[PDB]
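Here's the structure, in structure tokens; my notes come after.
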Amino acid sequence: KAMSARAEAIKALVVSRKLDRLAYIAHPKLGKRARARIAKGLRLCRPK
Amino acid sequence: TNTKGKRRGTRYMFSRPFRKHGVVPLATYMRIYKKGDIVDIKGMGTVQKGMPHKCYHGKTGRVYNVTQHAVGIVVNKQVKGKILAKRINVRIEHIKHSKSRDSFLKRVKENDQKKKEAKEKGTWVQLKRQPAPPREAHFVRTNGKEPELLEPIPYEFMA
Amino acid sequence: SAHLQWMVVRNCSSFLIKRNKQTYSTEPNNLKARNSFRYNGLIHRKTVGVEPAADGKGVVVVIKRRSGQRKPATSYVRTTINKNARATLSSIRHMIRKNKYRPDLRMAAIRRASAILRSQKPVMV
Amino acid sequence: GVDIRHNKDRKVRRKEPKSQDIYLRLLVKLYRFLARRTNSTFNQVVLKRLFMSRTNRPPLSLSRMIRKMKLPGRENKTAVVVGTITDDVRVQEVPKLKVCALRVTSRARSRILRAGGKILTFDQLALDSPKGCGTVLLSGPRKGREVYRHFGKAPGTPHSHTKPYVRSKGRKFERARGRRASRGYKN
Amino acid sequence: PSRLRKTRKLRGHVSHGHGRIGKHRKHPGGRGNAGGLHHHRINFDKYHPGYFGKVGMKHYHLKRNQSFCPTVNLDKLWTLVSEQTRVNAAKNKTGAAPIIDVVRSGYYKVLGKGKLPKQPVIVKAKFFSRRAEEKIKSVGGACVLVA
Amino acid sequence: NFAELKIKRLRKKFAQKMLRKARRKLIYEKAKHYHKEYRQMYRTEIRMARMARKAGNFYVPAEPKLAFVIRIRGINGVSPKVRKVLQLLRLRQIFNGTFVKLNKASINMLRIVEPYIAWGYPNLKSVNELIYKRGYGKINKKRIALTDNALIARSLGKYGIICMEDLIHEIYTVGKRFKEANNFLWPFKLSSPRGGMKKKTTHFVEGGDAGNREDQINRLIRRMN
RNA sequence: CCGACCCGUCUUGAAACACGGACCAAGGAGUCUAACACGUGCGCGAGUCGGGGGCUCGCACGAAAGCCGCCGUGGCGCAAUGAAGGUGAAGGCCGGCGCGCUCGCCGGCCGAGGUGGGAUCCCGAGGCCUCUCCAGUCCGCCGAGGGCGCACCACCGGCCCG
Ligand SMILES: [Mg+2]
Ligand SMILES: [Mg+2]
Ligand SMILES: [Mg+2]
Ligand SMILES: [Mg+2]
Ligand SMILES: [Mg+2]
Ligand SMILES: [Mg+2]
Ligand SMILES: [Mg+2]
Ligand SMILES: [Mg+2]
Ligand SMILES: [Mg+2]
Ligand SMILES: [Mg+2]
Ligand SMILES: [Mg+2]
Ligand SMILES: [Mg+2]
Ligand SMILES: [Mg+2]
Ligand SMILES: [Mg+2]
Ligand SMILES: [Mg+2]
Ligand SMILES: [Mg+2]
Ligand SMILES: [Mg+2]
Ligand SMILES: [Mg+2]
Ligand SMILES: [Mg+2]
Ligand SMILES: [Mg+2]
Ligand SMILES: [Mg+2]
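Chains as they are written, first to last, in the authors' numbering: chain Lb, 63 to 76, 89 to 122; chain LT, 2 to 160; chain Lr, 2 to 126; chain LQ, 2 to 188; chain La, 2 to 148; chain LF, 24 to 248.
Right, here's the structure in full:
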């Protein structure tokens, strides 16, 4: 009975920062898309 | 050549303090000693029953057994190069509670309350007490008073 | 098996020579003549061996057939190679590499055949 | 010089079996390779057990193995012991067991096989579960030996129940003084 | 093999592993169990308690044959018959129970350690323990005595 | 199927190289920021002293939180307490050095072994020279020279220390993870002091070398490594 | 040129005004048996061991090797405790009944109890994959927690003997 009461109580719901940005890019997983983007930017050149 | 008497060399250690002779105060009897608490062995000389040996005076142990008038204490004794936890029977006149344990337990209670309150308010707080840190930088106001100059004094034979 | 027999004869064998802080093996099919599991010429289900021909010219390359393992009379097939040096070494290379017949003994047999061929021709004056 | 005591530098442990058994050395080679080239710690435990002496590899009875396999959740798992499976005649029924052992007693082997069981050598186990997945590594009673009744606190000391070394057992053999209070003391 | 012994490694060491100060002398401390009560008293007390003195009654001309009564426990009891007997009794439709004569097996007393499989059996023994009898009766068996 | 596996290897290599470049750029920027912070500290001390002197008051600097301890005596005839403390300071041979974080416990601990050590308060240049010339890492119980930043990164990257500059920042500025950074470093194998010693058996204040020379430890360091 | 006293031994201390040694060759001192104890290797394993006897052209080796099985007598082990008469090692869960009285009669199952650790093993939310996706297919790795817990240790119960 204590398990049931506690369980039903628990379930009773309702800038730039250059160095920080570089540390974000340097992450092997969080910064994958960022470094992919900068590689694509360095490769291709487009007007406007 | 030293004799092996049970009270040899205890001329001052078991003696009563100055002007504290006479009737043992009773509040030493209404203390409550559970098992597993920490006590300090004293060994007064007014009560000759249940006295500890002179090697346990001033030692600190843990109570493991409670009887009608005495307690059983597990206290560490050093013999040559080994520590063996002796079990001794000491009457309650010769022991008192250890305040180091009580200070530690109240620190634990404060720490748990601080954790509960901090998890309520989100902001991190420090719990591990630190050694005395080096003093931080500060300013010393002269307040327009020149620091007094000091010379060493001349020598003179006074006595 | 090869490993079991090796553990039997790795230290007790009539072909074993232990001298001058060195060890050697003298069984017939031992290229480099060393006491080693890889180069031992008796314990392996297939081995190669390069020996000089009966006459003082050419080499004979002996290989072990898969079928008669317990039949030492017909277990070994010997072919005599009596061509020029480059062709002889190429034939040995083909015998070992193309058949995948112990490719770990290829350069060993090549070097031994070269040594035999240089031993066969007359010495300089 | 430099201030280090050198009395404990050389760790004492079996780096190899003392035995010259060529089969044992062969499967030691096999499990050396397995422990080196896998992340399984089961291979490490098996390899360091293969190094152990006979007293450090006590025989495992059939009854104890049956009891340990009968624990919840250990169904259809392999029982692995580095030692000898030994028949227990005190057990009457033998379930279907899948066991890998260094040695199996002929009677124990017969009982295991007639019960529908399977016996594997350690090479067969390596081919089966190279990482030791789905296995229950057992061990015989290490201190189940006569020498341990004599090891401990000395017999002629208080509160020690260690067996003294006697050539014969009887009322005349070490029972008088130091054993009863009627002759000096008892402790 | 004298070539594997410690003497071969002690050549050139003058004391031969016995020390320069105390040396190796003939019999320091006595011969055999000398001084078991005087100067080897600590060893005898520490490792052989009860060694000194008399306890009990002395009985001249003890005959070991008279008190010969080997024992068998209950858990090993069914090993005295063939497994054919066991399976025949177990699968038997009627209530027939086999008879196990432990004296034929060379045991005189049936001790009560262990437990029995639940099937009746008749046990022929010279002596029975009380708990052995209780365990045999509990599985529906019976105990009989032989002389 | 050769073309697509070649493309796979090319893409993996390219991604690895881009990750390397990003990490190198992070290291460069962190070193630049550390340079800025160091000059801020050095100018801040001067500015505080100057405004105090302008006001006619006294500016007491914060006494240092970092010390460098050098063992100057040998291993012969050492009392057990002193020997135990020197083992706790990782100074088990003459002319070893160790960065010791200063507090009441460490100060009293240094007071115990005062005749056996010569210590002081290093500046930044001493730390740079020490880490760069005699910096060895205790990587898996082995004295490995700090020749590549990856050696620091693999052992201390979980604490944010990923380069030589980060390690120097954690040592000079005694940081939150100073204990791990300092214990990662092997004790320094300093040479004999070139130019000799004054006297090793007496205290520094009485003309010797033992004890606390408060900033003159940098001179000993320059003559030392 | 620098360094450099004669070895062995007893000794806190030997180059000693301490003892033995003139030189050389050969010989020359921890052995064998018995009984223990522990460790290691091997075989079999609740068993194990023929060691005494016997059987095999009686004998070059061979005085060896092989075999016995109704030759396992017997030894050690598998059961302890008491001076002895003697006695002599299984409990847990669900039940209905006396009166489920700190227990007496049976059922049904289970088969040497429980606690804290415990290598190993098992489940495992969630992660790692590629030219990209909304779409699930097979297996690998990392993985918070969880589970069964070997041996062994500490403890609390239980059983046998006095
Ligand atoms: Mg005094
Ligand atoms: Mg050295
Ligand atoms: Mg040494
Ligand atoms: Mg010596
Ligand atoms: Mg002496
Ligand atoms: Mg000195
Ligand atoms: Mg100079
Ligand atoms: Mg001095
Ligand atoms: Mg002498
Ligand atoms: Mg003298
Ligand atoms: Mg001398
Ligand atoms: Mg003299
Ligand atoms: Mg004289
Ligand atoms: Mg003399
Ligand atoms: Mg003379
Ligand atoms: Mg002479
Ligand atoms: Mg001679
Ligand atoms: Mg014979
Ligand atoms: Mg018999
Ligand atoms: Mg447990
Ligand atoms: Mg108990």
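Idealized CB from N, CA, C, for every residue including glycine.
Q: Could you please go through the chain and list the residues whose beta-carbon is closer than 6 Å to any non-hydrogen atom of ligand 6?
A: LF:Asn99, LF:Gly100
Q: Give the DSSP bridge partners of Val78 (chain Lr), in chain order.
A: Answer by DSSP bridge pairing, in chain order: Lr:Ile64.
**Q.** Simplified DSSP state of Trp142 (chain LF), which is helix, strand or coil
**A.** strand
(Q) In this structure, how does DSSP classify residue 1 (chain LT) when only helix, strand and coil are distinguished? (A) This structure cannot settle anything about residue 1 (chain LT), because the visible part of chain LT is limited to 2 through 160.
Q | Min CB distance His226 (chain LF) to chain Lb below 7 Å | A | no
Q | N- and C-terminal bounds of the beta strand (DSSP E) containing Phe122 (chain LF) | A | 119–124
Q: Note down the Cα distance separating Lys21 (chain LT) from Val141 (chain LT), rounded to an integer number of angstroms.
A: 50 Å
Q: Report the neighbours of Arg136 (chain LT) on chain LF: residues whose CB is nearer than 9 Å to its CB, in chain order.
A: Under the 9 Å cutoff, chain LF gives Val83, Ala85, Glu86.
Q) Residues in its own chain within less than 6 Å of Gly234 (chain LF) by CB, not counting five upstream and five downstream? A) Closer than 6 Å at Cβ, skipping near neighbours: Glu137, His226, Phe227.
**Q.** Presumed contact (8 Å Cβ cut-off) between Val76 (chain LT) and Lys83 (chain LT), rounded CB distance
**A.** In fact, because the Cβ distance is near 15 Å, the residues do not count as touching under 8 Å.
Q. Under a three-way DSSP split, which group does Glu52 (chain Lr) fall into?
A. strand
Q) CB of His7 (chain LQ) to nearest heavy atom of ligand 3: below 6 Å? A) yes
Q | CB-CB length for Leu146 (chain La) against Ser130 (chain La), believed under 8 Å | A | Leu146 (chain La) to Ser130 (chain La), Cβ: 13 Å. No contact.
Q | Closest Cα partner of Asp189 (chain LF) within the set LF:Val150, LF:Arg134, LF:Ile162, LF:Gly219 | A | LF:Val150
Q | Residue nearest to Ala116 (chain Lr) in terms of C-alpha spacing, selected from Lr:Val78, Lr:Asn83, Lr:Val60 | A | Lr:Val60
Q: Find the nearest neighbour of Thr136 (chain LQ) within the set LQ:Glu17, LQ:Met66, LQ:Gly171, judged by alpha-carbon distance.
A: LQ:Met66
Q: Determine, using beta carbons only, whether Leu128 (chain LQ) comes closer than 7 Å to chain Lr.
A: Not an interface residue.
(Q) Do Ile42 (chain LT) and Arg102 (chain LT) have their beta-carbon atoms positioned less than 7 Å apart in this structure? (A) no
Q | Segments of 4+ residues assigned as alpha helix (DSSP H) that fall wholly inside the stretch 141–184 of chain LF | A | 147–157, 172–179
Q: For the stretch 2–33 of chain La, list the beta strand (DSSP E) runs that are entirely contained and at least 3 residues long, ordered along the chain.
A: none
Q | Inter-residue CB distance, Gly160 (chain LF) and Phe91 (chain LF) (contact presumed, cutoff 8 Å) | A | Actually they are not in contact, since the Cβ atoms of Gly160 (chain LF) and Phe91 (chain LF) sit about 18 Å apart, beyond 8 Å.
(Q) Short of 7 Å Cβ to Cβ, which residues in the stretch 32–52 of chain LF face chain Lb? (A) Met41, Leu42, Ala45, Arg46, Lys48, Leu49, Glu52
Q. Is it buried or exposed for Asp113 (chain LT), if we count other Cβ within 10 angstroms and need 16 for buried?
A. exposed
Q: Check the DSSP bridge columns for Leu17 (chain Lr) and list the partner residues they point to.
A: Lr:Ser26
Q: Name the one or two DSSP bridge partners that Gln116 (chain LF) has.
A: LQ:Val3
Q: Using a Cβ-Cβ cut-off of less than 9 Å, give me the residues of the stretch 189–204 of chain LF that come near chain Lb, in sequence order.
A: The residues in question: there are none.
Q) Around the C-beta of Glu121 (chain LT), are 16 or more other C-beta atoms found within 10 angstroms, so that it is buried, or is it exposed? A) If you draw a 10 Å sphere on the C-beta of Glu121 (chain LT), you find fewer than 16 other C-beta atoms in it, and that means exposed.
Q: Return the Cβ separation of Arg108 (chain LQ) and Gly84 (chain LQ) in integer angstroms, given the expectation that the two are a contact with Cβ distance under 8 Å.
A: 16 Å between Cβ atoms; not a contact.
Q: Note the first and the last residue of the continuous beta strand (DSSP E) segment covering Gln79 (chain LT).
A: 71–80
Q.
If distances are taken between C-alpha atoms only, which option among Lr:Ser76, Lr:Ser26, Lr:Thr24, Lr:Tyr40 comes closest to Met108 (chain Lr)?
A. Lr:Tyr40
(Q) Against chain LT, does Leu125 (chain LF) count as a neighbour if the rule is that its beta carbon must be under 7 Å from one of theirs? (A) yes
Q) What number of angstroms, rounded off, separates the C-alpha of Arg12 (chain La) from the C-alpha of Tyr57 (chain LT)? A) 55 Å
Q.
Strictly under 7 Å for the Cβ-Cβ distance: is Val3 (chain LQ) near chain LF by that measure?
A. yes
Q) In whole angstroms, what is the alpha-carbon distance linking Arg11 (chain Lr) and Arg35 (chain Lr)? A) C-alpha separation (whole angstroms): 11 Å.
Q: Consult DSSP for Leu31 (chain LQ) and reduce its assignment to one of helix, strand or coil.
A: In the structure shown, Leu31 (chain LQ) sits in a helix (DSSP, three-state: H, G or I).
Q | 8 Å CB neighbourhood of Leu138 (chain LQ) in its chain, flanking five on each side removed | A | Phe43, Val46, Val47, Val81, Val82
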